[PDB]
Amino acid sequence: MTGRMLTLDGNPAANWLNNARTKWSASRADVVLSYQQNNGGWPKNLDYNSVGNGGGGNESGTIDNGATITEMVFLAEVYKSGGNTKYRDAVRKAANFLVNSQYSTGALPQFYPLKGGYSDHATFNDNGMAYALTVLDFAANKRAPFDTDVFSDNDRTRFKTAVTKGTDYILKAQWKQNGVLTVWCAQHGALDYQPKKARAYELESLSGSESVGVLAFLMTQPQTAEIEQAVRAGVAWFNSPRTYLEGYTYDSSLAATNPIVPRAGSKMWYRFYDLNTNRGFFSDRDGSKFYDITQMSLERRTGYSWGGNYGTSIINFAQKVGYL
């Protein structure tokens, strides 16, 4: 560290953000711009590389599937490169959107204005909350691409407050497993901090997939005593043999019957771990919970990834910075 600040070199969240700066060709900037909703957010799943300009819209914005957070970083970079203030304006509306979406607790919902159901929860899914906070933190700290006149000091204060609140949320939400600090569910109650379900097959759990990005975000923050403890505990969880499955890997090509296959000297992480036992588990469209992936419907076993190499990146990064 330096002071209490870790390097951003190798930080997964920082890598995501810097990549987003050039997510699309600059030739697509007007197309991207044209789908921004009135509220400053974007809808998800628009094929910007193929579609012509949109007509804006008045729908909820979302941070699912990289929406809003990717577009805003991209357009900030376009503003930085070309100086066209229409893009500055859009980035300002997008940052405002993210902060406006934030609950009093710091939680960020998946969709805003709130649509009801699981979308209202604090959404770590698809790196939404963690990477949204990363964007706001980069903005707050005048990091590229936000080292332009896009934001003022007063704006940065507001973003710092949102980042602080988000951090507070994350720290309060971090799951204490029989007294031991671990990681996060893919979604938590915005007000109650509790693990929540999402889709039918997304149950209350520790998330092997989403907890990486949460840790990566925390590692961008001033490493207070509490934050260092939180990060070290999360990294320790990823690096624990009670968490990874040693000698196996997840091979989605083999999912027809069983994608969890032996691989000497490999470690696999589950997508879902039981909150209390730390056992990897599976679900299905009926919302059931079970421990043998061969019991799952063919469609869910092949159509959704139930494990992966999630821990490698954060463990290696933690090692690099002395947190392992």
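So that there is no doubt, residue numbering starts at 1 and follows the sequence shown.
The mean C-alpha temperature factor is higher for 146-154 when 131-139 and 146-154 are set side by side. As recorded in the PDB entry, 23-31 is the stretch of 23-31 and 287-295 with the greater mean C-alpha temperature factor. Comparing the C-alpha B-factors of 178, 249, 209, 123 in the entry, the top value falls on 178.
Split the chain's modelled residues into thirds by C-alpha temperature factor. Residue 79 is in the highest one. The PDB entry assigns residue 280 a C-alpha temperature factor belonging to the lowest third of its chain's modelled residues. When the modelled residues of the chain are ordered by C-alpha B-factor, residue 268 sits in the lowest third. In this PDB entry, residue 195 carries a Cα temperature factor that places it within the lowest third of its chain's modelled residues. The entry lists a Cα temperature factor for residue 92 that places it in the middle third of the chain's modelled residues.
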